[PDB]
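Encoded as structure tokens, the structure appears first; notes follow it.
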Amino acid sequence: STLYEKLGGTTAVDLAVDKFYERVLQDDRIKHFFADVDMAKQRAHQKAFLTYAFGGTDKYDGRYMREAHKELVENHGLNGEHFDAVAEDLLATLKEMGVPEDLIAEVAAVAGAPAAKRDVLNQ
Ligand code: HEM
């Protein structure tokens with residue numbers, strides 16, 4: 001059972017995702033990776049990342065993660081600094097929203113988990 005459960009329903013999830021989206025949209029370190037992507041799809045990405053980071057790793061197979069980001073790695077220069085900025089942006093969002101520091105630390109551990117990071121980064 002999902003994200004919808006752990007943050008507390010539609011409105012909580014919508015707040016989380018909108019704030020995370022808003023932060024990433026304004027983050028000069030990482031915005032150019034979404035240059036070829038419309039706002040609906042960028043938002044859907046932040047919803048996916050957030051879903052992954054709250055323990056729904058379930059539907060992001062590492063092989064999908066590797067193919068999905070391959071052109072970013074090869075052509076946009078995607079690397080660890082960028083990955084870490086996305087995770088950092090999520091944690092900053094959750095903290096602004098009063099999520100308990102114990103829970104932010106739990107998502108910090110999934111967001112930054114090594115094996116999915118190495119798949120995304122095509123390492
Ligand atoms: C574990 C971390 C991440 C997960 C779980 C993840 C997940 C995904 C998934 C599922 C897609 C495919 C969407 C589709 O097929 O429509 C995707 C696409 C994408 N990801 Fe990630 N991603 C992660 C990290 C990153 C990072 C660090 C960046 C860049 C800083 C990034 C940039 C993008 C881009 C540019 C796309 C292509 C456009 C889009 O479909 O939104 N992702 N990501």
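In the structure tokens, chains take the letters A, B, ... in the order shown, each chain's residues start at 1, and ligands count up from 1 in the order shown.
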Per residue of stretch 36-84 of chain A within 8 Å of stretch 96-110 of chain A, which atom pair is closest and at what distance in Å (one decimal), using only C-alpha atoms, listed by chain and increasing number, as a tab-separated table?
```
residue	atom	partner	partner_atom	distance
A:52	CA	A:110	CA	7.6
A:53	CA	A:110	CA	5.1
A:54	CA	A:107	CA	5.5
A:55	CA	A:110	CA	6.8
```
May I have the residues within 6 Å of ligand 1, computed using only C-alpha atoms and all ligand atoms, as a ChimeraX atom specification?
-> /A:30,33-34,37,41-42,45,48-49,52,60,68-69,82-83,86,116-117
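We find atom CA of residue A:71 and atom CA of residue A:111 to be spaced 21.2 Å apart.
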If you run DSSP on the backbone, which residues of chain A are helix (DSSP H, G or I), as a VMD selection string?
-> chain A and resid 3 to 8 10 to 25 31 to 34 39 to 53 57 to 59 62 to 75 80 to 96 101 to 111 114 to 120
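Note that atom CA of residue A:50 and atom CA of residue A:8 are 14.1 Å apart.
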